[PDB]
């Protein structure tokens, strides 16, 4: 009703990502979701359509429906908001990334090389879910694996007293 609890926000974020990518994976809908961390991704947010929207699995799903305005490019999540959709991300020039993979994977690898962001990709070809962080690709991960990486990398707080002031 006034302020929010950081631990609740971070767990809602992970749940929203899990539910939306699972929905899109079953239907082979391509998706690209980059979560900003310590590194400013403000330049890339400015390349997309600004949303500044509450995070939900439903919005994330509606964003990536093919042949819609918002689906062509990356969603960037920053703070507790979906900041932009249809954003540009730089492509990796790595020759080690397999040629079986698509341009969404190349964009997720590219941003992972120059930011500490965590990027999730759903393949429009296969429905496989992948993640990138720090120039590394985790390819075709299971739901358990996705859950544990997202838990490790996106929740900062352990069990402590909830408070709208902890931030």
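Numbering follows the first chain given and starts at 1. The term rigid core refers to the most C-alpha atoms you can superpose between the two forms while keeping them within 1.5 Å.
Comparing 35 to 43 with 48 to 56 by root mean square Cα distance to the shown form in 8 other deposited structures of this protein, with the rigid core used for the fit, gives 35 to 43 as the more displaced stretch. Higher average CA B factor: 152 to 160, of the stretches 11 to 19 and 152 to 160. Here the stretch with the larger average CA B-factor, out of 53 to 61 and 134 to 142, is 134 to 142. When the C-alpha B-factors of 67, 123, 34, 112 are read from the PDB record, the largest value belongs to 67. When the modelled residues of the chain are ordered by their C-alpha B factor, residue 80 lands in the highest third. Per the PDB record, residue ranking by Cα B-factor puts residue 108 in the middle third of the chain.
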